[PDB]
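Student: Got a structure for you, written out below as structure tokens; questions coming shortly.
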Amino acid sequence: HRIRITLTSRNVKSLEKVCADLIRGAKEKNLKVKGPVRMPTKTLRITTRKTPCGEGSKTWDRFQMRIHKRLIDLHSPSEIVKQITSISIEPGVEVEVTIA
Amino acid sequence: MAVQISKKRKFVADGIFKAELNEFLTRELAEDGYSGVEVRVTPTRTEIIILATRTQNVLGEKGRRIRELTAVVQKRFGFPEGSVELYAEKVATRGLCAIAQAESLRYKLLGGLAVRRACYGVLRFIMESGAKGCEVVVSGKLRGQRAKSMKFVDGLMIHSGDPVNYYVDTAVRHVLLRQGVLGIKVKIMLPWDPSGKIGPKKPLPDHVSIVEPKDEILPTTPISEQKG
Amino acid sequence: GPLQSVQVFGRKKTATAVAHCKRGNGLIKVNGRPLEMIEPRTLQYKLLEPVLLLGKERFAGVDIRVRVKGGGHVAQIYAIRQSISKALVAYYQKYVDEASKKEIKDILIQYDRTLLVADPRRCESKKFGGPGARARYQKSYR
Amino acid sequence: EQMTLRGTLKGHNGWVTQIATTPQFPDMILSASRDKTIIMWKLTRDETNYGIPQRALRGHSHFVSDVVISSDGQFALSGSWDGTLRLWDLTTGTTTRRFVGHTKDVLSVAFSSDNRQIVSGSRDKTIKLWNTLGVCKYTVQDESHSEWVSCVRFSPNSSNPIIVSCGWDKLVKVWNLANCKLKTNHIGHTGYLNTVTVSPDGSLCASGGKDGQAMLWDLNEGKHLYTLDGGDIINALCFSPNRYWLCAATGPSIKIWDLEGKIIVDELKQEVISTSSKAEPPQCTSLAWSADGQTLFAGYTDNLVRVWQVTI
Amino acid sequence: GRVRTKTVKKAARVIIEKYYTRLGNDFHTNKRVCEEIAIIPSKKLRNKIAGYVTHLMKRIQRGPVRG
RNA sequence: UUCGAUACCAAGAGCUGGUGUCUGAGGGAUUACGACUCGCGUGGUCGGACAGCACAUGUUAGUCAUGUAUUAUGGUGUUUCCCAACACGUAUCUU
RNA sequence: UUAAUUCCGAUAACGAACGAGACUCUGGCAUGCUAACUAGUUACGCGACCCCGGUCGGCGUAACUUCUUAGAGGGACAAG
């Protein structure tokens, strides 16, 4: 019953709508929900030179890429939450349903 | 997956995956009006969508090139059979797609149309399609050995700030001619549609509007329209 | 007796200190140790300043634990001197006459405002072409 | 005869917007201000200060607009600009229940005679009914005010379950509470209204706006009784609880009237002039009599509550 | 260095020109009416316009403000 | 020193709030149906109203449409899933 | 006058567009809100040591979100 749905996404409002959708689906299917626990955002940071040559003033580019991680833990037999999580998928987020 | 790599390495892996896929499909579908890619990795599906203008040329004669492209996709990137499914579709109002318009100009120059006539023909189509403001600048050697830069511009075009990231669509391409290379930069400012189909749904941050006060008339004597 | 506890925090920099006020006798302790064994000893009176302003009579009824983390030595001492001062004021606003709270708050905020209000200053980020925030590398001509 | 000052209640940072009195306690008044705190006072009427603040009720995010005390004398209800209500036990001043549902600022809120019905008029164009157990009971959205819902008020006459609501759209609407359906529209006011009250009789209603015209209204028929000339903007309106008087806060002064013969009983304006050097006088925004009607308490917009006692 | 730009002044002058009936001398009242009447996409610019409205209308009361 | 209001209790009520039966007035999804595309399998797009229906089947109107089974351009019954009375409905049970 | 062709003033100019600004990220604030066994706290039961208390990043499970985390709004505008 104790099953772990984690959502890893680069875009935030996408992830938030998926987090909302799984709470909606859970409270409708009448099963105990642990709310969307927000793990710290990881900021992948790469900083390079701008110029292809080396005949300019030393200006650097600061490239960032945030990656967000939510998880909701439910008390439900595999099936009903599997069919809840088989609907309403968008390209931004990525799903993991963990049983044990 | 027992290889069990970091979410950090997983997302940069997915980043380079789309980047090369796009490079390969822009190199392949170059002449046949190619707009871009999209991936939807569903549970055990890699639904890999392509956006083009001339989709009949790219999906070919009874799906020869589609199964050819699906084969090289599964063969190179190392995918399972049945799981990978390509879907070529037509992009709406091509007039606003900077990729499609830049490659259209490039292939009118490859045909051998006049340079001012090529640019004004493109820029006129961009504007009648409903671009709030357009910008076409083709650079390189014309009529001689010294390099020139022709700029063709009309309407309202923003350069600085954040709104550039969701109002201005830009694309840069190279055209091979017999004397050297010319560069093509197409730069289109999209109009505002609240639906978010044709352009964005955020109005410009400085642009402020007022709804007109409804023309009322003040009463003089107290009234009541009592009911039950 | 029932609960008469208020957990109240004091920050001066990265450092933070959560004072746990409670009913009882007069004891003040930081990570187990008492006040007068928290080094550096140079800033001894910085921890005592709330005590020596208000006397030990106002702390007769309260026994304030403090747990501290982050920052360095001087930041941590300024975090905890702020925390216990807010913790007593928050206790006297919940369980005692507000006339008492008002009198204590006026006594402190006149001596030093840094007791109740946090210092909003944070170490500024470095920019390239320089060894710090604003400093730039030595430019050479000829 | 005339009213006169004994002293002032100095215990606010942001300026006082509402005052609330209960019939049970004489030495307990509740002032809501434009900080986030409701100050529950202890009136002594000593030579030094008329009252000292004994409790401050914290929990609100934005300005507490409204406050009202229950029949029992234990519960108070306040409404703030955050768009939620708070239900306080005056004992310790910790919140019992918070009411959630509205989107924009909740501008006022009123109890029943029973304390079993609560009503909130808000800046979002709605009135909403509230139980005392945190439940969104009924919205009224379609047949409502075309501008903000400035105020709503319940009546002491318990025989006719009616509510009076003054808006910004130059109306006074009246709803059959059991139906929560429109009974009478009241057109007549030129411009928006601040305040509406019901005379302790449950007989005749007042209405005040920027126009400076205090128009009386009938709860029995749908008929305009008569009008008074405020002169300045009316921000506050309430009747004397025992006497047949109406008191209005005409911006920087109080104008109190006898209702049978329309003449000024007296006008109350600060005579200790501090704003005499190119400064506009700070203006009264709420007033309410005691349970007895001996003392009128008036809250100003320079963080002060003044006392007005009958010299006769 | 607090000089308001054309977008603040123009839009504030237009709101004073039309809706003089509701606007006042209090900042937070006319901030809310300005948010209601006018579609301003950012919150900083909303506070800037409301702030100018309740400075011009504090001088309309004084005398012959020009613009 | 008379007369009518005011704290009190009781005699049931009424009110009010809580509980919760039942129905779907409605509100959803895609799985009906449609359309537009084809690699002929689908992929999009309507998403319950916009499809269909069989003379089956409720209500009937212009009596004149018609060339009087008839069909008007009745225009609403039938029914495939789901959440649902802030639709303050109100069964019971309290206050 | 402003950081600014930033504005209000004079004014045959009026109304506008690019750049400035606005914008995005960021820093500081919430004892208000949604949440937490990959974060804690407070109380508790137990265990160890000093003379009822004291210490514990020693052990363990009912409340709660002050401290940590990251979402939604709020807040500041030369406004008094």
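Residues in the structure tokens are named by chain (A, B, ... in the order shown) and by number from 1 within that chain; ligands are numbered from 1 in the order shown.
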Could I get the residues of chain B with an atom no further than 6 Å from an atom of chain E, each paired with its nearest atom pair and that distance in Å to one decimal, using only C-alpha atoms, sorted by chain and residue number, as a tab-separated table?
Tutor:
```
residue	atom	partner	partner_atom	distance
B:205	CA	E:41	CA	5.8
B:208	CA	E:40	CA	5.1
B:209	CA	E:39	CA	5.4
B:210	CA	E:38	CA	4.4
```
Student: Mind dumping the selected residues with C-alpha atoms as a CSV table (one decimal), in the first residue's frame?
Tutor:
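selection31.csv written:
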```csv
chain,number,residue,atom,x,y,z
B,205,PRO,CA,5.3,44.2,-19.5
B,208,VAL,CA,-0.9,49.1,-19.8
B,209,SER,CA,-4.6,49.3,-20.7
B,210,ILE,CA,-7.8,50.8,-19.1
```
Student: Near chain D, which residues of chain G fall within 8 Å when you count only C-alpha atoms (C1' of nucleotides), and what do they look like as a PyMOL selection string?
Tutor: chain G and resi 30+32+74
Student: How about saving the chosen residues, N, CA and C atoms (P, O5', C5', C4', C3', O3' and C1' of nucleotides) kept, as a PDB file, in the first residue's frame?
Tutor:
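As written to disk, selection-v8.pdb reads:
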```pdb
ATOM      1  P     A G  30      11.045  37.774   9.587  1.00  0.00           P
ATOM      2  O5'   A G  30       9.715  36.925   9.814  1.00  0.00           O
ATOM      3  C5'   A G  30       8.966  36.351   8.723  1.00  0.00           C
ATOM      4  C4'   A G  30       7.549  36.874   8.728  1.00  0.00           C
ATOM      5  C3'   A G  30       6.503  35.833   9.117  1.00  0.00           C
ATOM      6  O3'   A G  30       5.370  36.466   9.702  1.00  0.00           O
ATOM      7  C1'   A G  30       6.094  36.494   6.919  1.00  0.00           C
ATOM      8  P     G G  32       0.743  33.492  13.925  1.00  0.00           P
ATOM      9  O5'   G G  32       0.565  34.057  12.444  1.00  0.00           O
ATOM     10  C5'   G G  32       0.817  33.238  11.286  1.00  0.00           C
ATOM     11  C4'   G G  32      -0.311  33.388  10.295  1.00  0.00           C
ATOM     12  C3'   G G  32      -0.505  32.230   9.328  1.00  0.00           C
ATOM     13  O3'   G G  32      -1.312  31.203   9.898  1.00  0.00           O
ATOM     14  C1'   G G  32      -0.384  34.235   8.101  1.00  0.00           C
ATOM     15  P     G G  74      -0.232  39.521  -4.783  1.00  0.00           P
ATOM     16  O5'   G G  74       0.107  39.994  -3.301  1.00  0.00           O
ATOM     17  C5'   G G  74      -0.951  40.212  -2.350  1.00  0.00           C
ATOM     18  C4'   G G  74      -0.403  40.255  -0.944  1.00  0.00           C
ATOM     19  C3'   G G  74       0.462  41.454  -0.606  1.00  0.00           C
ATOM     20  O3'   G G  74      -0.347  42.595  -0.341  1.00  0.00           O
ATOM     21  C1'   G G  74       1.448  39.479   0.257  1.00  0.00           C
TER      22        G G  74
END
```
Student: Give the residues of chain D that lie within 9 Å of chain C; count only C-alpha atoms, and format the answer as a list in words.
Tutor: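 The selection requested is residues 52, 53, 54, 55, 56, 92, 93 and 94 of chain D.
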Student: Using C-alpha atoms, can you export the residues from the last selection as a PDB file, in the first residue's frame?
Tutor:
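This went into selection-v2.pdb:
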```pdb
ATOM      1  CA  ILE D  52      -4.357  50.260  28.826  1.00  0.00           C
ATOM      2  CA  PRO D  53      -4.025  47.531  26.103  1.00  0.00           C
ATOM      3  CA  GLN D  54      -4.158  44.147  27.999  1.00  0.00           C
ATOM      4  CA  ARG D  55      -4.194  41.870  24.843  1.00  0.00           C
ATOM      5  CA  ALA D  56      -2.963  42.118  21.181  1.00  0.00           C
ATOM      6  CA  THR D  92      -5.856  34.041  25.763  1.00  0.00           C
ATOM      7  CA  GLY D  93      -6.416  35.809  22.356  1.00  0.00           C
ATOM      8  CA  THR D  94      -5.288  32.693  20.358  1.00  0.00           C
TER       9      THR D  94
END
```
Student: Using only C-alpha atoms (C1' of nucleotides), determine which residues lie at most 12 Å from residue 47 in chain G, disregarding the query and same-chain residues fewer than 5 positions distant; provide the list as a list in words.
Tutor: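 Result of the neighbour search: residues 56, 58, 59 and 60 of chain G.
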Student: Within 12 Å of chain G, which residues of chain C come that close, and what is the closest atom pair and distance in Å for each? Count only C-alpha atoms (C1' of nucleotides) and give it as a tab-separated table.
Tutor:
```
residue	atom	partner	partner_atom	distance
C:2	CA	G:43	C1'	11.4
C:3	CA	G:43	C1'	9.6
C:4	CA	G:42	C1'	11.8
C:5	CA	G:42	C1'	9.1
C:6	CA	G:66	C1'	7.9
C:7	CA	G:66	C1'	5.1
C:8	CA	G:66	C1'	6.1
C:9	CA	G:67	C1'	7.3
C:10	CA	G:67	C1'	10.1
C:11	CA	G:67	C1'	10.8
C:12	CA	G:28	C1'	11.5
C:13	CA	G:28	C1'	10.5
C:14	CA	G:28	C1'	11.6
C:15	CA	G:67	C1'	11.3
C:16	CA	G:67	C1'	8.0
C:17	CA	G:67	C1'	8.0
C:18	CA	G:67	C1'	6.3
C:19	CA	G:66	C1'	9.4
C:20	CA	G:66	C1'	9.1
C:21	CA	G:66	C1'	11.4
C:22	CA	G:42	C1'	11.2
C:24	CA	G:53	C1'	11.6
C:25	CA	G:53	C1'	11.2
C:27	CA	G:54	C1'	11.0
C:29	CA	G:54	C1'	11.4
C:31	CA	G:55	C1'	10.2
C:32	CA	G:55	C1'	6.9
C:33	CA	G:55	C1'	9.4
C:34	CA	G:54	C1'	11.8
C:66	CA	G:67	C1'	11.1
C:67	CA	G:67	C1'	9.1
C:68	CA	G:67	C1'	9.5
C:69	CA	G:67	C1'	9.6
C:70	CA	G:67	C1'	11.7
C:83	CA	G:66	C1'	11.7
C:86	CA	G:31	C1'	11.4
C:87	CA	G:66	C1'	10.8
C:90	CA	G:31	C1'	9.0
C:91	CA	G:31	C1'	11.6
C:93	CA	G:31	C1'	11.8
C:94	CA	G:31	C1'	11.1
C:117	CA	G:29	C1'	10.6
C:118	CA	G:28	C1'	9.5
C:119	CA	G:28	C1'	8.8
C:120	CA	G:28	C1'	5.2
C:121	CA	G:28	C1'	7.3
C:122	CA	G:27	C1'	7.2
C:123	CA	G:27	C1'	9.5
C:124	CA	G:27	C1'	8.7
C:125	CA	G:26	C1'	10.0
```
Student: Kindly assemble as CSV a list of the chain D residues that lie within 10 Å of chain F, each paired with its nearest atom pair and their distance in Å to one decimal, using only C-alpha atoms (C1' of nucleotides), sorted first by chain and then by ascending residue number.
Tutor:
```
residue,atom,partner,partner_atom,distance
D:112,CA,F:16,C1',9.7
D:113,CA,F:16,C1',9.9
D:114,CA,F:16,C1',7.4
D:115,CA,F:16,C1',9.5
D:116,CA,F:17,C1',5.9
D:117,CA,F:17,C1',8.1
D:128,CA,F:86,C1',8.9
D:129,CA,F:86,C1',9.1
D:131,CA,F:17,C1',7.6
D:132,CA,F:17,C1',8.9
D:133,CA,F:18,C1',9.5
D:136,CA,F:86,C1',7.1
D:137,CA,F:86,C1',5.6
D:138,CA,F:86,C1',4.1
D:139,CA,F:86,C1',5.6
D:140,CA,F:86,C1',8.6
D:158,CA,F:15,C1',9.2
D:159,CA,F:15,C1',9.2
D:161,CA,F:15,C1',9.8
D:178,CA,F:88,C1',9.3
D:179,CA,F:88,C1',9.0
D:180,CA,F:88,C1',9.5
```
Student: Would you write out those residues with N, CA, C and O atoms, as a tab-separated table (two decimals), in the first residue's frame?
Tutor:
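Result written to result34.tsv:
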```
chain	number	residue	atom	x	y	z
D	112	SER	N	-24.96	36.99	13.48
D	112	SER	CA	-26.42	36.90	13.74
D	112	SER	C	-26.71	37.30	15.19
D	112	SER	O	-25.74	37.55	15.95
D	113	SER	N	-27.99	37.35	15.56
D	113	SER	CA	-28.48	37.44	16.96
D	113	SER	C	-28.11	36.16	17.72
D	113	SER	O	-28.00	36.21	18.96
D	114	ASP	N	-27.93	35.05	16.99
D	114	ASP	CA	-27.68	33.68	17.52
D	114	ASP	C	-26.18	33.40	17.64
D	114	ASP	O	-25.82	32.53	18.46
D	115	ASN	N	-25.34	34.08	16.84
D	115	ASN	CA	-23.90	33.77	16.60
D	115	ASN	C	-23.78	32.44	15.85
D	115	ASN	O	-22.72	31.78	15.98
D	116	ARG	N	-24.81	32.06	15.09
D	116	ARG	CA	-24.89	30.79	14.31
D	116	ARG	C	-24.93	31.09	12.80
D	116	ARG	O	-25.01	30.12	12.02
D	117	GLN	N	-24.86	32.37	12.41
D	117	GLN	CA	-24.73	32.83	11.00
D	117	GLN	C	-23.76	34.01	10.95
D	117	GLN	O	-23.98	35.00	11.68
D	128	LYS	N	-20.84	36.02	1.11
D	128	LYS	CA	-20.75	34.57	1.45
D	128	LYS	C	-21.20	34.33	2.89
D	128	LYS	O	-20.80	35.12	3.78
D	129	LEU	N	-21.99	33.28	3.10
D	129	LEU	CA	-22.52	32.85	4.42
D	129	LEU	C	-21.52	31.89	5.06
D	129	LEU	O	-20.91	31.09	4.32
D	131	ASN	N	-20.78	29.33	8.61
D	131	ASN	CA	-20.99	28.61	9.89
D	131	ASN	C	-19.86	29.03	10.84
D	131	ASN	O	-18.97	29.77	10.38
D	132	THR	N	-19.90	28.59	12.10
D	132	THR	CA	-18.84	28.84	13.11
D	132	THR	C	-17.88	27.64	13.16
D	132	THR	O	-17.00	27.64	14.06
D	133	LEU	N	-17.99	26.68	12.23
D	133	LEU	CA	-17.16	25.44	12.16
D	133	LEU	C	-16.38	25.38	10.83
D	133	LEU	O	-16.15	24.26	10.34
D	136	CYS	N	-17.69	26.92	3.98
D	136	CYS	CA	-18.23	27.77	2.88
D	136	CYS	C	-19.68	27.36	2.60
D	136	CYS	O	-19.88	26.36	1.89
D	137	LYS	N	-20.65	28.11	3.14
D	137	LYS	CA	-22.09	27.72	3.14
D	137	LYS	C	-22.74	28.12	1.81
D	137	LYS	O	-23.10	27.20	1.05
D	138	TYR	N	-22.89	29.43	1.54
D	138	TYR	CA	-23.56	29.95	0.32
D	138	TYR	C	-22.85	31.19	-0.22
D	138	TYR	O	-22.58	32.11	0.57
D	139	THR	N	-22.58	31.21	-1.53
D	139	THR	CA	-22.14	32.39	-2.32
D	139	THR	C	-23.36	33.07	-2.94
D	139	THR	O	-24.36	32.37	-3.21
D	140	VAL	N	-23.28	34.39	-3.16
D	140	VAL	CA	-24.22	35.17	-4.02
D	140	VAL	C	-23.38	36.05	-4.95
D	140	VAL	O	-22.76	37.02	-4.46
D	158	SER	N	-35.39	40.08	14.78
D	158	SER	CA	-35.15	38.65	14.45
D	158	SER	C	-36.36	38.03	13.73
D	158	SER	O	-36.21	36.90	13.22
D	159	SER	N	-37.50	38.72	13.70
D	159	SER	CA	-38.77	38.26	13.06
D	159	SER	C	-38.62	38.24	11.53
D	159	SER	O	-39.09	37.26	10.91
D	161	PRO	N	-35.90	37.78	8.83
D	161	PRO	CA	-34.51	37.41	8.55
D	161	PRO	C	-34.00	38.15	7.30
D	161	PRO	O	-34.07	37.59	6.21
D	178	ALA	N	-32.79	33.78	4.71
D	178	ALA	CA	-33.23	32.36	4.58
D	178	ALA	C	-33.27	31.95	3.10
D	178	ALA	O	-32.85	30.82	2.79
D	179	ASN	N	-33.75	32.85	2.24
D	179	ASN	CA	-33.72	32.71	0.75
D	179	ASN	C	-32.31	33.08	0.25
D	179	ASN	O	-31.81	32.39	-0.66
D	180	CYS	N	-31.72	34.12	0.84
D	180	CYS	CA	-30.53	34.87	0.34
D	180	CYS	C	-30.82	35.37	-1.08
D	180	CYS	O	-29.95	35.22	-1.97
```
Student: Calculated over only C-alpha atoms, which of the candidates A:24, A:75, A:49, A:70 has the smallest distance to chain C?
Tutor: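 Nearest candidate to chain C out of A:24, A:75, A:49, A:70: A:49.
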Student: Counting only C-alpha atoms (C1' of nucleotides), which residues of chain F come no farther than 12 Å from chain B, as a ChimeraX atom specification?
Tutor: /F:37-40,42-44
Student: Which is closer to residue 27 in chain D than all the others in D:235, D:2, D:44, D:157, using only C-alpha atoms?
Tutor: D:44
Student: According to DSSP computed on the backbone, where in range 15-177 of chain B is there strand (DSSP E or B)? Give the residues as a ChimeraX atom specification.
Tutor: /B:34-42,45-52,84-90,133-141,147-155,168-176
Student: What does the file look like for those residues with N, CA and C atoms, as a short mmCIF file (atom, residue, chain, number, x, y, z; two decimals), in the first residue's frame?
Tutor:
```
data_model
loop_
_atom_site.label_atom_id
_atom_site.label_comp_id
_atom_site.auth_asym_id
_atom_site.auth_seq_id
_atom_site.Cartn_x
_atom_site.Cartn_y
_atom_site.Cartn_z
N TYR B 34 11.44 22.18 -43.26
CA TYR B 34 11.48 21.56 -41.91
C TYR B 34 11.48 22.66 -40.84
N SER B 35 10.58 22.55 -39.85
CA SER B 35 10.32 23.57 -38.80
C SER B 35 11.00 23.17 -37.48
N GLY B 36 10.91 21.90 -37.06
CA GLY B 36 11.59 21.40 -35.85
C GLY B 36 11.11 20.04 -35.38
N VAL B 37 11.55 19.63 -34.18
CA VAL B 37 11.29 18.30 -33.54
C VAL B 37 10.44 18.49 -32.28
N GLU B 38 10.00 17.37 -31.70
CA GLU B 38 9.46 17.27 -30.32
C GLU B 38 9.48 15.80 -29.89
N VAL B 39 9.74 15.54 -28.61
CA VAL B 39 9.78 14.18 -27.99
C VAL B 39 8.70 14.11 -26.91
N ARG B 40 7.93 13.01 -26.88
CA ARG B 40 7.01 12.63 -25.78
C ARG B 40 7.30 11.18 -25.38
N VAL B 41 8.27 10.99 -24.48
CA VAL B 41 8.59 9.64 -23.90
C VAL B 41 7.49 9.29 -22.89
N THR B 42 6.45 8.60 -23.36
CA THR B 42 5.32 8.08 -22.52
C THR B 42 5.80 6.76 -21.91
N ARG B 45 6.74 4.30 -24.70
CA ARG B 45 6.68 4.95 -26.04
C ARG B 45 7.69 6.09 -26.07
N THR B 46 8.50 6.18 -27.13
CA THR B 46 9.20 7.42 -27.57
C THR B 46 8.43 7.98 -28.77
N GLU B 47 7.34 8.71 -28.51
CA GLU B 47 6.55 9.43 -29.54
C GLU B 47 7.35 10.65 -29.97
N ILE B 48 8.03 10.55 -31.12
CA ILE B 48 9.02 11.54 -31.64
C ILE B 48 8.36 12.29 -32.81
N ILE B 49 7.81 13.48 -32.55
CA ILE B 49 7.03 14.28 -33.53
C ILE B 49 7.99 15.21 -34.29
N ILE B 50 7.73 15.39 -35.59
CA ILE B 50 8.43 16.34 -36.50
C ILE B 50 7.41 17.39 -36.97
N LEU B 51 7.82 18.66 -37.01
CA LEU B 51 7.03 19.79 -37.56
C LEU B 51 7.69 20.24 -38.87
N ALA B 52 6.92 20.30 -39.95
CA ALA B 52 7.36 20.73 -41.30
C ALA B 52 6.27 21.59 -41.95
N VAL B 84 9.53 3.03 -30.66
CA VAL B 84 9.89 4.31 -31.33
C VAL B 84 8.92 4.55 -32.50
N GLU B 85 8.22 5.69 -32.50
CA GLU B 85 7.13 6.02 -33.45
C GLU B 85 7.26 7.49 -33.88
N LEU B 86 7.69 7.73 -35.13
CA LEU B 86 7.84 9.09 -35.73
C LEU B 86 6.47 9.57 -36.24
N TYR B 87 6.22 10.88 -36.17
CA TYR B 87 4.94 11.54 -36.56
C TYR B 87 5.21 12.93 -37.14
N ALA B 88 5.32 13.01 -38.48
CA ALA B 88 5.47 14.27 -39.24
C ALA B 88 4.10 14.95 -39.37
N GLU B 89 4.01 16.23 -38.98
CA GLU B 89 2.76 17.04 -38.99
C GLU B 89 3.08 18.45 -39.51
N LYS B 90 2.06 19.16 -40.03
CA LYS B 90 2.20 20.51 -40.63
C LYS B 90 2.08 21.57 -39.52
N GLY B 133 6.09 43.04 -36.01
CA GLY B 133 7.22 43.62 -36.75
C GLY B 133 8.24 42.57 -37.15
N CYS B 134 8.85 42.74 -38.33
CA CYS B 134 9.77 41.77 -38.99
C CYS B 134 11.18 42.37 -39.10
N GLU B 135 12.16 41.52 -39.40
CA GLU B 135 13.59 41.89 -39.57
C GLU B 135 14.30 40.77 -40.35
N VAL B 136 14.75 41.07 -41.58
CA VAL B 136 15.56 40.15 -42.44
C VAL B 136 16.86 40.87 -42.81
N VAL B 137 18.00 40.31 -42.41
CA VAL B 137 19.37 40.84 -42.70
C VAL B 137 20.22 39.68 -43.25
N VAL B 138 20.58 39.75 -44.54
CA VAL B 138 21.50 38.80 -45.22
C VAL B 138 22.84 39.51 -45.46
N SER B 139 23.93 38.92 -44.97
CA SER B 139 25.31 39.49 -44.99
C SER B 139 26.22 38.60 -45.84
N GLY B 140 27.38 39.14 -46.22
CA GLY B 140 28.38 38.48 -47.08
C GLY B 140 28.63 39.27 -48.36
N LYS B 141 29.47 38.72 -49.24
CA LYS B 141 29.95 39.41 -50.47
C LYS B 141 28.85 39.41 -51.53
N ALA B 147 32.86 42.55 -48.56
CA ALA B 147 31.66 41.99 -47.90
C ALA B 147 30.68 43.12 -47.56
N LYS B 148 29.39 42.92 -47.88
CA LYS B 148 28.29 43.88 -47.64
C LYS B 148 27.30 43.27 -46.63
N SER B 149 26.43 44.11 -46.05
CA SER B 149 25.33 43.70 -45.13
C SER B 149 24.05 44.47 -45.48
N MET B 150 23.12 43.82 -46.19
CA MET B 150 21.77 44.35 -46.51
C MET B 150 20.83 44.07 -45.33
N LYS B 151 20.13 45.10 -44.83
CA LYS B 151 19.11 44.97 -43.75
C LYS B 151 17.76 45.46 -44.28
N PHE B 152 16.73 44.62 -44.15
CA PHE B 152 15.31 44.91 -44.52
C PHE B 152 14.45 44.74 -43.26
N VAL B 153 13.77 45.81 -42.85
CA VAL B 153 13.05 45.91 -41.55
C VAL B 153 11.76 46.72 -41.75
N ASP B 154 10.68 46.32 -41.07
CA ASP B 154 9.41 47.10 -40.99
C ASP B 154 8.60 46.65 -39.76
N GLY B 155 7.78 47.55 -39.22
CA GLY B 155 6.95 47.32 -38.02
C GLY B 155 7.73 47.52 -36.74
N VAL B 168 9.98 37.38 -29.68
CA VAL B 168 10.84 37.37 -30.90
C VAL B 168 11.30 35.93 -31.19
N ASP B 169 10.97 35.42 -32.38
CA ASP B 169 11.50 34.15 -32.95
C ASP B 169 12.63 34.51 -33.93
N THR B 170 13.83 33.98 -33.70
CA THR B 170 15.06 34.24 -34.49
C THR B 170 15.64 32.92 -35.02
N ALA B 171 16.25 32.96 -36.21
CA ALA B 171 16.94 31.82 -36.86
C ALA B 171 18.07 32.35 -37.75
N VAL B 172 19.22 31.65 -37.77
CA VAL B 172 20.42 31.99 -38.59
C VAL B 172 20.82 30.76 -39.41
N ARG B 173 21.04 30.94 -40.72
CA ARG B 173 21.41 29.88 -41.69
C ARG B 173 22.53 30.37 -42.61
N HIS B 174 23.22 29.44 -43.28
CA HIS B 174 24.28 29.68 -44.29
C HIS B 174 23.79 29.22 -45.67
N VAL B 175 24.07 30.00 -46.72
CA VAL B 175 23.76 29.65 -48.14
C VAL B 175 25.08 29.56 -48.92
N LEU B 176 25.29 28.45 -49.63
CA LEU B 176 26.50 28.18 -50.45
C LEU B 176 26.29 28.76 -51.85
#
```
Student: Have a look at G:18, G:8, G:23, G:62 and name the one nearest to residue 164 in chain B; count only C-alpha atoms (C1' of nucleotides).
Tutor: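 The answer is G:23, which sits nearest to residue 164 in chain B.
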Student: When you look at residue 10 in chain E with a cut-off of 12 Å (counting only C-alpha atoms (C1' of nucleotides)), what residues show up, excluding the ones that are within fewer than 6 positions of it in the same chain? I need them as a list in words.
Tutor: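 Neighbouring residues, sequence-local ones excluded: residues 206, 207, 208, 209 and 210 of chain B; 4, 16, 17, 48, 49, 52, 53 and 67 of chain E; 7 of chain G.
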Student: Tell me, in Å to one decimal, how far CA of residue 50 in chain C is from CA of residue 116 in chain C.
Tutor: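 Atom-to-atom, CA of residue 50 in chain C and CA of residue 116 in chain C are spaced 10.7 Å apart.
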